[PDB]
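Protein chains in written order, with my numbering: chain D, 314 to 635; chain S, 314 to 635; chain R, 2 to 84; chain X, 2 to 84; chain F, 22 to 512; chain V, 22 to 512. Every residue, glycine too, gets a C-beta built ideally from N, C-alpha and C.
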Amino acid sequence: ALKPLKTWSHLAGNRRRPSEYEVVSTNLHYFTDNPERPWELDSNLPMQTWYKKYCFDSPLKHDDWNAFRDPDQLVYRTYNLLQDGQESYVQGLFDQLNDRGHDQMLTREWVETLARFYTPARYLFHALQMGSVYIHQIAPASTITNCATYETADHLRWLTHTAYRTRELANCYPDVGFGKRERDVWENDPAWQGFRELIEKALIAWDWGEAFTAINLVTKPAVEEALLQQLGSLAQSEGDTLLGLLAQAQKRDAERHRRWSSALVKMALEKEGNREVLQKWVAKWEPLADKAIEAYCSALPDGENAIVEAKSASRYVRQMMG
Amino acid sequence: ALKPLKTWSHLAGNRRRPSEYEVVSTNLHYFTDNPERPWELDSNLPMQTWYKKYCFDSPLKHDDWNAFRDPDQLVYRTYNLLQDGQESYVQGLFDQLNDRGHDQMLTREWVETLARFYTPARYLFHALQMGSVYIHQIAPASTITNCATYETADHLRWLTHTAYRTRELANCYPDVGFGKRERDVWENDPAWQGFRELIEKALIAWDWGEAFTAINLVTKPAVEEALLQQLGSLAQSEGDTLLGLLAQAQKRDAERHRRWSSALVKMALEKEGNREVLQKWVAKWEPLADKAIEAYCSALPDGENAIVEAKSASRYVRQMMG
Amino acid sequence: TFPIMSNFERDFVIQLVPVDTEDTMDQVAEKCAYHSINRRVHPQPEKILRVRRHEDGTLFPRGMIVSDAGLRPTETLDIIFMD
Amino acid sequence: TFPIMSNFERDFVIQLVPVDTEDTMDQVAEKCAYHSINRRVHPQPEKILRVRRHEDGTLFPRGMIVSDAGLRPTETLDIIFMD
Amino acid sequence: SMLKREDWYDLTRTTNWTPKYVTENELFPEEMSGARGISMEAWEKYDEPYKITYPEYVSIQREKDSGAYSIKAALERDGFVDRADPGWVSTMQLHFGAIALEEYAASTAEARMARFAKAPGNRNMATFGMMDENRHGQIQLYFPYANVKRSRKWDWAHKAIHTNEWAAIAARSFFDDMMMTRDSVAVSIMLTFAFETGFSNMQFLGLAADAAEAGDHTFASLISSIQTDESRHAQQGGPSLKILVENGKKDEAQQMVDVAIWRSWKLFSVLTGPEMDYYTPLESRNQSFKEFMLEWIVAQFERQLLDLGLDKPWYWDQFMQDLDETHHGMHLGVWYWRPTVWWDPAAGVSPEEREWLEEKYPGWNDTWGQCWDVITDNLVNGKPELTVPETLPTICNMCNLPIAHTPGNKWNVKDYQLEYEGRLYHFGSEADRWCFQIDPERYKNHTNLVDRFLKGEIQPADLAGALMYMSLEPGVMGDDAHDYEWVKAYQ
Amino acid sequence: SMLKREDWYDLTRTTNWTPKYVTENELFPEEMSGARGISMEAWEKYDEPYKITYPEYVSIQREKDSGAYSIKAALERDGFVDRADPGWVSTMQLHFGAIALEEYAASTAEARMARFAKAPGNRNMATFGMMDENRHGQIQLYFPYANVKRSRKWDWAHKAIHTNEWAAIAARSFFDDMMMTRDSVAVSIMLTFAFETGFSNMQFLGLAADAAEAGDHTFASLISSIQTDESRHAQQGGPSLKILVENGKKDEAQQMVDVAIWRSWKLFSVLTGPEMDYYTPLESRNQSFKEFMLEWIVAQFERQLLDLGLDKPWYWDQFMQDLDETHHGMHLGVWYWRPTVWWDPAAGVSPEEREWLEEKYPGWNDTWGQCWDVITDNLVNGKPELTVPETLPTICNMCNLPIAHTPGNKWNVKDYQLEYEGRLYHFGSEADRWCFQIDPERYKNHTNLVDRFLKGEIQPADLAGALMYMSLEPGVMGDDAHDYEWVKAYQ
Ligand SMILES: [Fe+3]
Ligand SMILES: [Fe+3]
Ligand SMILES: [Fe+3]
Ligand SMILES: [Fe+3]
Ligand SMILES: [O-]
Ligand SMILES: [O-]
Ligand SMILES: [O-]
Ligand SMILES: [O-]
């Protein structure tokens, strides 16, 4: 008879007793057991073909993708511990800054800036959500998927903040069109077309590795520097303390997405040729990001400096991974 | 044989099935069972004499003090639910405003205001804590005691915020004396002597009813309007967004103390002669409060207006109870 | 050597039974019974084991051999009690 | 009528036993035994129930009466087996 | 102050836009979205009845885990598992192995909707769905992991769905068809409406009662907690179906429901059926598998389908009859072939059990009873070797379950055979075959375990060989749950 | 970023100042502070070893309640209480009645320190202490409240300490002396050092093991959780004692420890002793009351007292001997007078029990065994009426417990009598009397139940009268726990 083990069989050679994270997150996808027939059906089904093309045939390659480890070690249980604290903080701000009539103290000019540059953030944030939720479903290993899982929820977190603040702004300034106008702005405002083009295109990059790259390494850096870093400094300087705070709060999430993305890249660089594969994808996408940041920030106050600082801050994210 | 009941025997005539609050909070003090001998020892012990004098012989009178009900219905379990959310919000602010170098952006003048008018808040807040903790131990009914219980913890909450911010301020401005100087300011600064005198005196009012009055109806209103309302508007207007926020956060507690205090008074007014007993205690103490607010706010910027607004806001608390 | 699917009378399940192309129906019936009689079905020694094609109810003579029956590999066969 | 505290030989506990000032030690001993013999102590019918003051070990004559013994109300009395 | 949810909720799902830099079909490829000719604007009528927002979710679900994890730590050192009825322990080992990794896979099925549904309401709900199955998968691993030192069987909580053991293949066959390999709208119908709302909601409810009845409070709390998450994502198919009916697509909707319900039922007949009627001890049995099915699953479907504007599936009356039969089949097969599974099946044919079985299913002793008579006589008479197999059963090509049915004095076992492109397929039921005929390209070149045996893919090509191919060894290979204790009653 | 606790902690307790508008003695009256001639500045050396701040407290303690309340809701409908061993149910009914309202009263004892201690460290720790006993009181009411419909006995969870039932008076006698009627520093020594650190910490630990051993996981979790709160406020007396020793006051400190330990021990001998050695069924008994006392309570005191610069109390060797005796007394008294209590005492003198008792306490059968022989013969011979009393026992004037000790072949029952100001007092032990002689003004005119009976305060002046005065009626009046089941073993 086979003897009972100390831990799961797939983890039995380890030396350190496995963590809760290792126990509940590792080696869970089963469609990678049979590369020739991922799913327990006919091998010519469209979805069979999709996974073979966009997951197995990716030029980003590793012998053991299951070895990946979220450096933050998130599980569902500790995801909700963390984000519940963070949400008590942000809903704290909403509750208390309202009580105090914060939206009433903003200038007419700044209110006009919010309709054009902020509210209209619900489409881009929902599009990141769709973006990360695609990485989840095509990534080659459950630990990679999970990072995308929790990231997808953060992106919905941001969309949710924005939708909430949008209604508060519509309550306080009914004649501005908050909540009614955002689609036309996203669709037609020059300031947004740079981003819209970047995200629409990235959203049809099906290769798991190119998806990771376009969404996590290229687009998000650009979106985070433009919308969180740059609009938030501007907010703080213009009397909007809520948004200055809200944005720094969401940037905690963005930071954590970067830590896992950087870990992934670190792991990819273990294998000859992956840096070049990654650099080639970056080179294809970076120009779209440039356009995106240019069109958005150039229309901000102090437009040119915000372009320079965002450009170099988002390139810095990738520089630091190699 | 006596049959099992639906609820506790002391609650059996009620119509509405009792709440968790009623179940865990009512009719718990036993020293009121034997007014002639509160404690299970010799009846001439100093503590026997103390409770007969300061609890039973109080001129504030009711036949059934156990009938009192916290309008907020706090139990320990729901106290910590509430204050944990509130603390995730306030520690949120501390964490994030630091990350952002908030203390570095304050002016030298405002920093000097904080050493004199704010930090020095740890003594007054600890003295309220001692104040409410005395009400707990001499009040005639467990439901009255409990309100004092949770209030005593809030007062320690405020002392704790202040001690924390005091160290942060000492880190950022080492040559100001933050943390070393507060005792001498509290002890010798004209701005504080008004308060110091009010609280030192109120702290030796042993009668439970006079304690309630001096601490909850008179002193706290004065302390809350001066230190939270007035210093916090000033803070917000001077660039200190942390303290503007911290103070509005602590005023949520102060609001809740007022709701129970007002409930108590409502209950006392059911019995002929109690209004006059209460008014006489207010009249004895109100002048000390006046002095306190005068000495503190007069030294603030825009000193005279802050005196007028605080004076009338704290009188308004008592006006609204009758 | 040739796979068939045995649906044995009074059993609960169809089973895979390898037979030989050179077997008689009688000998198919014996190869099937081994997996049914005295595991899940009671012997009926006053009776004779017959073979019929499951799909259409055609009865095979005791003596006809597999090679001549025109079975599809894996074809399903009833194994019935008769006289 | 007069309270005493009965510490009965071989029992585990002292007990309150009302007696009469007019009782004999013998009759004190009987009033005590009622609360001990056949509840918690075994009879000893080859033996005699004697009364002694707990505090100092003084033995009372079977026949001396309570009124003459100079007891304090509630005084504690040993109830011992003798011959 | 805070807003009321009602006032801003709609803004969370006002996320559709008209693409410009890429086309709609490129952004929403049909094979993933299945929008089915119905416009973006018509997909926008989609209105989920149970609403929730991010802060509510993270808050409530933190509470749920607090509780469940705490009940687990509290009861851990008492070791209920070392003294539980072995029919129960076996119910748990079966549950975890079949379910834990399919739960986790369900978050990918949810991700499918989250990216590819045209209904913004669906994309956000599916995002919470995604988080929910992440939770179900993870917690259904953390729990059995407590027991890894007690037996290698508990390792199958993780390993099972990685193996070619036959039950795992039946599981994957179901799950991949329902939720991993279909367009977003089909996932919404086939998984969330038909399987989750139709079966697993009520199942988990009964499964929790049963754990409690066994005095297993860790597992009762686990299952009970998971169940509270179901309806928040289970609701998703309903609004889809409304949209398809209201536009030109009732037949397509109907046909997808038809398929999903049959396939779920077949899985359910081997995973729940046997455990209800045979692993649970007698004095714990509240109602029969058939009773449970009628009261808690079948009236509900009729109710749902009437409200949606749909029909009862063509096979409904047959489905009704089979509640007397199929699961007795599945239990007999599982116990007879018990070394091929990773739990110890409980025979459950003690005299008291058989009268119970006869009350609940008139005719049982004169049909099902016959095979067990023979099994029993053999064990009484020291011939245990005639109670384990020497061949494979015939597997259905759709459900990947053995083809079994009524034996004994009312023998009625049938093969619903089909010849298609030079290959012969075997089906367990008329509905199983029809699932294949409506969509043969989706099943054609799949091979069941038997096909694989026959083609030379299992080597050595014998029973020991098939055990190794299924990753089974002694230590996990199943045997009789009460170690043949019930045989004593017959001597 | 956040600071590290170490960096700012001291500022939380830098709260002393020099009063001006009122005097120090007015602000800190000696009868409440007990500063004892030792200066404000010397009280400032007070340094609690276990540190905590408000945000940590509210956070951790929210988690604790989450868990405990959740385990309670999870197990509620299984009704373990309706099938628990009745010796166990009785242990619970005793525990709640004696403890719930004294816990709550302890928050006032904590408030005493919070207002009146001169050590700022003490005032803040006592504030958390205050919150902790609020929690203990409340949760020890919410829990038994679950059972109010099962029996009127559960109402005593609330009612007991409101009555003059004799056990309640013994409880109040203890608690009021230790913690309700002393100066702040004395409370810190007498309650937190001597009682909480000395006894209830280890007790609650054993009490939790025992619940688990009984298969009561609600109560095990309850008790276990309360226990995790103890040390945060229990620590308070230690630093006090250091300060008194280091200044001119070792004797005063010594004498307060001496008193607190004896009084705690006496209560413990009736509340824990009997339940350990007689209510817990045989096969659950890990160690004896005496063993537990030596390993978990007595070595600890010696350890503590050596580190503080203190001596073992004058009565130590006697205390040692009495571990063989006192609690057998208290159990016999409680069972014999069982209608005077609100739980059903378990006799626990079955033959197997008596050999256990003889292993654990050599001489038992030839001392304690004698009384039970007689009780037993009477029950065997249909004379149950000789197994209930017709008088009151003599009560000790200090501990308010009956004066009992070794019977049988080694009879050794003594009264430590004292005549003082024309009144005769009775004491259960030499240490009990000495507690009165060092401080007679604090006990003089108190009357025990017997004194009250004798003075005419209980009317009618008979046993039924004394039952009504103690608020006892049928339905709560105690009887034999297993309804005399154990008598069958003797016939
Ligand atoms: Fe699930
Ligand atoms: Fe689900
Ligand atoms: Fe406590
Ligand atoms: Fe305590
Ligand atoms: O699921
Ligand atoms: O689910
Ligand atoms: O306590
Ligand atoms: O405690």
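- Within the model, the alpha-carbon separation for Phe457/F versus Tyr90/V is close to 52 Å.
- Under DSSP, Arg53/R shares a beta bridge with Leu60/R and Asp79/R.
- Between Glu495/S and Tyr436/S, the C-beta spacing is below 8 Å.
- Distances between the C-beta of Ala127/F and the heavy atoms of ligand 1 include at least one below 7 Å.
- Against chain D, a Cβ distance below 7 Å from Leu344/F picks out nothing, because the smallest value is about 27 Å.
- Here the distance from the Cβ of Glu346/V to the nearest heavy atom of ligand 3 is not below 7 Å.
- Proximity of the segment 493 to 508 of chain D to the segment 431 to 447 of chain D meets the contact definition, three or more beta-carbon pairs being nearer than 8 Å.
- Going by beta carbons, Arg53/R and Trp432/F fall outside the 8 Å limit.
- Three or more beta-carbon pairs separated by less than 8 Å are not found between the segment 608 to 620 of chain D and the segment 560 to 579 of chain D, which leaves the two stretches without contact.
- Just measuring C-alpha positions, the residue of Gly449/V, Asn466/V and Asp453/V sitting nearest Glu442/V is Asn466/V.
- Taking each of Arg572/S, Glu422/S, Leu387/S and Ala581/S in turn and checking the Cα distance to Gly522/S, the smallest one comes out for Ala581/S.
- Put simply, the segment 11 to 30 of chain R does not touch the segment 616 to 629 of chain S. Fewer than three CB pairs are less than 8 Å apart.
- Distances between the C-beta of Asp153/V and the heavy atoms of ligand 4 include at least one below 7 Å.
- When CB distances to chain V are screened at a threshold of 9 Å, the residues of the segment 87 to 103 of chain F falling below it are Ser87, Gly88, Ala89, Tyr90, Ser91, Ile92, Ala94, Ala95, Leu96, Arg98 and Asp99, in chain order.
- Look at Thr391/S here: in three-state DSSP terms it is helix.
- With fewer than 16 neighbouring CB atoms inside 10 Å of its own CB, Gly100/F falls in the exposed class.
- Comparing C-alpha distances from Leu577/S to each of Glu353/S, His375/S, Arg329/S and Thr345/S shows the shortest one belongs to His375/S.
- Considering only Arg104/V, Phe149/V and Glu296/V, the residue with the shortest C-alpha distance to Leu115/V is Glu296/V.
- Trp187/V is positioned such that its CB atom lies no closer than 8 Å to that of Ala452/V.
- For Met6/X, the beta-bridge partners assigned by DSSP are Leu17/X and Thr77/X.
- Neighbours of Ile15/X across chain V, judged by C-beta separation under 7 Å: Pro414, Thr415, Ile424, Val434 and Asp436.
- At least one CB atom of chain S sits nearer than 8 Å to the CB of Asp176/V.
- For the segment 278 to 330 of chain V, the full-length alpha helix (DSSP H) segments reaching 4 residues or more read 310 to 314 and 320 to 329 along the chain.
- A direct Cα-Cα distance of roughly 13 Å separates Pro4/X from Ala70/X.
- A straight-line Cα-Cα distance of about 18 Å links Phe289/V and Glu353/S.
- Looking at the backbone, the Cα of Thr22/R and that of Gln28/R are separated by about 11 Å.
- When only Cα atoms are considered, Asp497/D and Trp38/F end up about 9 Å apart.
- At a C-beta separation below 7 Å, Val29/R has no neighbours in chain F, since its nearest C-beta there lies roughly 14 Å away.
- Contact check for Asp345/V and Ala502/V: beta-carbon distance about 24 Å, past the 8 Å limit, so the pair fails to qualify.
- The DSSP-derived three-state label of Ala482/F is coil.
- Sequence-distant Cβ neighbours of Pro331/D in its own chain, meaning closer than 6 Å and more than five residues away, are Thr320 and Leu324.
- The beta carbon of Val409/F sits closer than 7 Å to those of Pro360, all from its chain and outside the five residues before and after it, given in chain order.
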